[PDB]
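Worksheet: the structure to be examined is printed underneath.
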Amino acid sequence: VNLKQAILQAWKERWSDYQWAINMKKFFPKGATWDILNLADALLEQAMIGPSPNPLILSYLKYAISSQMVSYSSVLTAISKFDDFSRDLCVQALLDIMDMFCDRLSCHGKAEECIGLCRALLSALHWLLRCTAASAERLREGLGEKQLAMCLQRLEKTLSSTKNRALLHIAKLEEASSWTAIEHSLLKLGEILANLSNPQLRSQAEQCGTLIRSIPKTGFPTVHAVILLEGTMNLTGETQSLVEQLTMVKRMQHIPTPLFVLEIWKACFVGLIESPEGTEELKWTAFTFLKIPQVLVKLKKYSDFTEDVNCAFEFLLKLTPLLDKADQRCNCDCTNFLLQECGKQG
Amino acid sequence: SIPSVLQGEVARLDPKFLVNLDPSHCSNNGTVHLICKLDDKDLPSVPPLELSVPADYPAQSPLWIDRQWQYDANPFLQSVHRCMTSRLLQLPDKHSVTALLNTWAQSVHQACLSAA
Amino acid sequence: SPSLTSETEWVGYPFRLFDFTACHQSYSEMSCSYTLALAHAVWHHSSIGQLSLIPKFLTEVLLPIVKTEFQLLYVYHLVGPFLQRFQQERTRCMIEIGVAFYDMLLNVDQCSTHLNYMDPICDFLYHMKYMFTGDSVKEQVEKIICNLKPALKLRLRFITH
């Protein structure tokens, strides 16, 4: 009358899939999706006793996954509690289990089913870390041993899709003190395979590692207007409004920082020369001379900023005719004064 | 909501089918999809199958979804698929869903007799 | 100029540097900003007697001077619109300009590591084949195609057609 009795009497002779399903259907008046009754607990219990696993239990588990009998999470919960890590053949069989029914994880059910799926994959990746640690130490004690080379092949396909990363990251936030053991084995994961140095295994292994830590052109005259509007009339404010404007502008449009400093200085030159003669010339030159160090000191404070301005000046020291037209008005070389002013600002 | 044509259609459908609507895809629109449930002690487990019927179900010929890899890992399922391609290709035009449901039902026995 | 051949600091869009319409903004960046514009003017004012001195000077003097990526687009802008002014007035201009362009095409191919504007250059080649030159220079073009990089050789099968 027992489930263990039922799988046992199925085991004693040779049954194919159709008659087995017919017997299972007549036995229980309620189906109960063959998961809440815990059918899969004894399916892996009797298939691991022998060093060579029997093919009858494998053929029994073949059709139930392909049909609607056994779901996908129940296999993961059982394999996640396999532990032991004694023999290579059942480990290879466990890898071959992962080869077909995984990588899709189409959950058609309730929200609690998806929460259980998320924690099931969390514990599953924990068991992946444990079994790869065992397969690596087996090779370490041995010294082709492609068992670890296929464990990493299992590892790379379990994280290729973006939905795997989404599920792992959305399970990271909802659970506390669960990811601690992930890095507790990840610190060992890199160094063990670094000890067993390979020309190419390290690249893909640490690419998957960087992914598993990843889970937790055109001139832009827009900022020209931004700089030019400030010195027109509203130049009497503080130094932080223009900063929170122009730094945010770099957030919205991809702007290289050398191009940013290039615009910063060419706007200062243009506001100097293109200002008409009178009190507005003095006001514009003062605006371009006295507030541009204030913003750049704060930019250096908040940010690398020394190397990029050299290439910015490499761009800047080519504008010959426009900036030479400024030297007719200014009768002298402003570059010396400004490049001593920058040294005074440090 | 749903037209009365399908309401008269499902009235005298067999109780051995428990067909209901698909949880996915769009709703309250012209095209409808009905995923079938078969609860038979005589017959073993098969993929549940899903249809596709557009707007104005009378006087049109509907279709059925395709998924070749679901009927794999067993040549019995491949024979079921081949029997589906055999029986459905000679079905007449503009027929009702009872014909397709019953031809889907009988092919399970037709493959079980070859399997047994 | 060292600002052309040596100073290759600007890596982005260079076509804004080859037009004085962009110099409506305070955008004089080089002597070459002005020299093109007069090239726009003078050769527009020049009749075919004045314009006939240009292609010999280009094919003899200015031919081995193109070394950087900027000079290639500069000499392509130097002929581009005025090809129409060359078109009605001189078939010798078509022969010489097909021979000259396909001569410096292999010259720049021998002395390049990576060039990123091959798509508009091939589009210009399509345009001049279909609009400007027709098929006056065809046979030597096949041998020059045989001298190209295979990646460069791929996108001119229709040129060979």
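Residue numbers (the entry's author numbering), protein chains in the order written: chain X, 4 to 146, 154 to 226, 238 to 324, 329 to 371; chain O, 673 to 788; chain W, 1174 to 1334. Yeah, the Cβ is synthetic: ideal placement off N, Cα and C, and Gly gets one too.
ask   = Looking at the structure shown, is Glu722 (chain O) part of a helix, part of a strand, or coil, going by DSSP?
value = Numbered from 1 along the second sequence, position 50 holds the residue referred to as residue 722 (chain O). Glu722 (chain O) falls in the strand class under three-state DSSP.
ask   = Which residue from X:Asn5, X:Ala13, X:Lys287 puts its Cα closest to that of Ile248 (chain X)?
value = Here residue 248 (chain X) refers to the residue found at position 227 when the first sequence is read from its first residue. Here the closest residue by C-alpha is X:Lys287.
ask   = Leaving out five residues before and five after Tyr743 (chain O) in sequence, what residues of the same chain have Cβ atoms less than 7 Å from its Cβ?
value = Position 71 of the second sequence, counted from the first residue, corresponds to residue 743 (chain O). Correct list, in chain order: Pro719, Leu749, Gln750, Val752, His753.
task = Name, please, each residue of chain X whose Cβ falls closer than 8 Å to the Cβ of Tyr1186 (chain W).
result = What you label residue 1186 (chain W) is simply residue 13 of the third sequence in a count that begins at 1. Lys238, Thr239, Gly240, listed in chain order.
inquiry  = Using only CA atoms, which one of O:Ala771, O:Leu685, O:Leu706 lies nearest to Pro695 (chain O)?
reply    = As a first step, residue 695 (chain O) is located in the second sequence; it is residue number 23 there, counting from the start. It is O:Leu706 whose Cα lies nearest to the Cα of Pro695 (chain O).
inquiry  = Restricting to Cα atoms, I'd like to know which of O:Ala777, O:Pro747, O:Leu693, O:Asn746 is closest to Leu760 (chain O).
reply    = Taking the first residue of the second sequence as position 1, residue 760 (chain O) is located at position 88. Each of O:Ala777, O:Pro747, O:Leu693, O:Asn746 was checked against the Cα of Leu760 (chain O), and the nearest Cα belongs to O:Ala777.
Under the three-state DSSP convention, the category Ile39 (chain X) falls into = As a first step, residue 39 (chain X) must be located in the first sequence, where it is residue number 36. Three-state DSSP puts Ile39 (chain X) in coil, outside helix and strand.
Extent of the continuous alpha helix (DSSP H) run through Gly200 (chain X) = Locating residue 200 (chain X) in the first sequence gives position 190, where the first residue counts as 1. Its alpha helix (DSSP H) spans residues 190-205.
query = Using a C-beta to C-beta distance shorter than 9 Å, which residues of chain X count as neighbours of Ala777 (chain O)?
reply = What you label residue 777 (chain O) is simply residue 105 of the second sequence in a count that begins at 1. Here the premise fails: no neighbours, minimum Cβ distance about 16 Å.
key: Contacts that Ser1201 (chain W) makes with chain X (C-beta to C-beta distance below 7 Å)   = Indexing the third sequence from 1 puts residue 1201 (chain W) at position 28. Near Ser1201 (chain W) (Cβ distances below 7 Å), the residues of chain X are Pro346, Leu347.
query = Comparing the C-beta of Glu251 (chain X) with each C-beta of chain W, is any distance below 8 Å?
reply = As a working mapping, residue 251 (chain X) is identified with position 230 in the first sequence. Closer than 8 Å: no.
ask   = DSSP beta-bridge partners for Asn174 (chain X)?
value = The residue you call residue 174 (chain X) lines up with position 164 of the first sequence. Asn174 (chain X) is not bridged to any residue.
query = Under the three-state reduction of DSSP, which class applies to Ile276 (chain X): helix, strand or coil?
reply = As a first step, residue 276 (chain X) is located in the first sequence; it is residue number 255 there, counting from the start. In the structure shown, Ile276 (chain X) sits in coil (DSSP, three-state: anything other than H, G, I, E or B).
ask   = What residues in its chain sit with their C-beta under 7 Å from that of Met27 (chain X), if we drop five residues either side in the sequence?
value = If you number the first sequence from 1, residue 27 (chain X) lands on position 24. Closer than 7 Å at Cβ, skipping near neighbours: no residue.
message = Using only the alpha-carbon positions, how far apart do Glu1269 (chain W) and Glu1202 (chain W) sit?
response = Reading the third sequence from its first residue, position 96 is the one you call residue 1269 (chain W). Reading the third sequence from its first residue, position 29 is the one you call residue 1202 (chain W). Annotation: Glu1269 (chain W) to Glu1202 (chain W) spans about 32 Å, alpha carbon to alpha carbon.
Proximity winner among X:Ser76, X:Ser109, X:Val78, X:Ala96, relative to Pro54 (chain X) (alpha-carbon distances) = Indexing the first sequence from 1 puts residue 54 (chain X) at position 51. X:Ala96 is the residue among X:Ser76, X:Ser109, X:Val78, X:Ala96 whose C-alpha sits nearest the C-alpha of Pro54 (chain X).
ask   = Which partner residues does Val704 (chain O) have in the DSSP bridge list?
value = Position 32 of the second sequence, counted from the first residue, corresponds to residue 704 (chain O). Residue pairing from DSSP places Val704 (chain O) in a beta bridge opposite O:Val725.
ask   = If you run the structure through DSSP and keep just helix, strand and coil, what is residue 640 (chain O)?
value = As shown, chain O starts at 673 and ends at 788. That puts residue 640 (chain O) outside it, with no answer to give.
ask   = According to DSSP, which residues form a beta bridge with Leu710 (chain O)?
value = Reading the second sequence from its first residue, position 38 is the one you call residue 710 (chain O). According to DSSP, which records beta bridges pairwise, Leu710 (chain O) is partnered with O:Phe689.
query = What residue does the alpha helix (DSSP H) around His1250 (chain W) start on, and which one ends it?
reply = What you label residue 1250 (chain W) is simply residue 77 of the third sequence in a count that begins at 1. Element bounds for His1250 (chain W): 1242-1250.
inquiry  = Given this structure, state the Cα-to-Cα distance separating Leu263 (chain X) from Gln365 (chain X), to the nearest angstrom.
reply    = In the first sequence, residue 263 (chain X) corresponds to position 242, counting from 1. In the first sequence, residue 365 (chain X) corresponds to position 340, counting from 1. Near 24 Å, if we compare the C-alpha coordinates of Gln365 (chain X) and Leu263 (chain X).
query = Hey, is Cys784 (chain O)'s beta-carbon within less than 8 Å of any beta-carbon in chain X?
reply = Numbered from its first residue, the second sequence carries residue 784 (chain O) at position 112. Yes, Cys784 (chain O) counts as interfacial toward chain X.
query = If you check the beta carbons only, do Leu1329 (chain W) and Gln1244 (chain W) fall under 8 Å apart?
reply = Residue numbering aside, residue 1329 (chain W) sits at position 156 when the third sequence is read from its first letter. Residue numbering aside, residue 1244 (chain W) sits at position 71 when the third sequence is read from its first letter. No. Outside cutoff.
Rounded separation between residue 1142 (chain W) and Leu1251 (chain W) - CA only = Any answer about residue 1142 (chain W) is impossible in this case: the structure gives chain W only from 1174 up to 1334.
ask   = Do the segment 1271-1285 of chain W and the segment 1308-1317 of chain W meet, that is, are 3 or more Cβ pairs less than 8 Å apart?
value = Contact between the segment 1271-1285 of chain W and the segment 1308-1317 of chain W is present, with at least three C-beta pairs closer than 8 Å.
request  = Could you work out which residue in X:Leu177, X:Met51, X:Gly112 is closest to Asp86 (chain X) when comparing CA atoms only?
outcome  = Position 83 of the first sequence, counted from the first residue, corresponds to residue 86 (chain X). Residue X:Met51 is the option with its Cα nearest to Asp86 (chain X).
task = Alpha carbon to alpha carbon, how far is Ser1285 (chain W) from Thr1306 (chain W)? Give it in angstroms, no decimals.
result = Taking the first residue of the third sequence as position 1, residue 1306 (chain W) is located at position 133. Taking the first residue of the third sequence as position 1, residue 1285 (chain W) is located at position 112. Looking at the two C-alpha atoms, the distance is approximately 26 Å.
query = Mind checking if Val334 (chain X) is an interface residue toward chain W, Cβ cutoff 8 Å exclusive?
reply = Counted from its first residue, the first sequence places residue 334 (chain X) at position 309. No, because no Cβ of chain W sits closer than 8 Å to the Cβ of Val334 (chain X).
query = Among the residues of its own chain, which have a CB less than 7 Å from the CB of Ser1309 (chain W), if the five just before and after it don't count?
reply = To locate residue 1309 (chain W), count along the third sequence from 1; it is residue 136. Hits under 7 Å: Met1267, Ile1268, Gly1271.
query = When burial is assigned at 16 or more other CB atoms within 10 Å of the CB, is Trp741 (chain O) buried or exposed?
reply = Within the second sequence, the letter at position 69 stands for residue 741 (chain O). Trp741 (chain O) is exposed by the Cβ-count criterion.
inquiry  = Please confirm whether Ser717 (chain O) has its beta-carbon closer than 8 Å to some beta-carbon of chain X.
reply    = Translated into positions along the second sequence, residue 717 (chain O) becomes position 45. By this cut-off, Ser717 (chain O) is an interface position.
Spatial neighbours of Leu42 (chain X) in its chain, beta-carbon cut-off 7 Å, leaving aside the 5 residues before and after = Indexing the first sequence from 1 puts residue 42 (chain X) at position 39. Excluding sequence neighbours, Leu42 (chain X) sits near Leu6, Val73.
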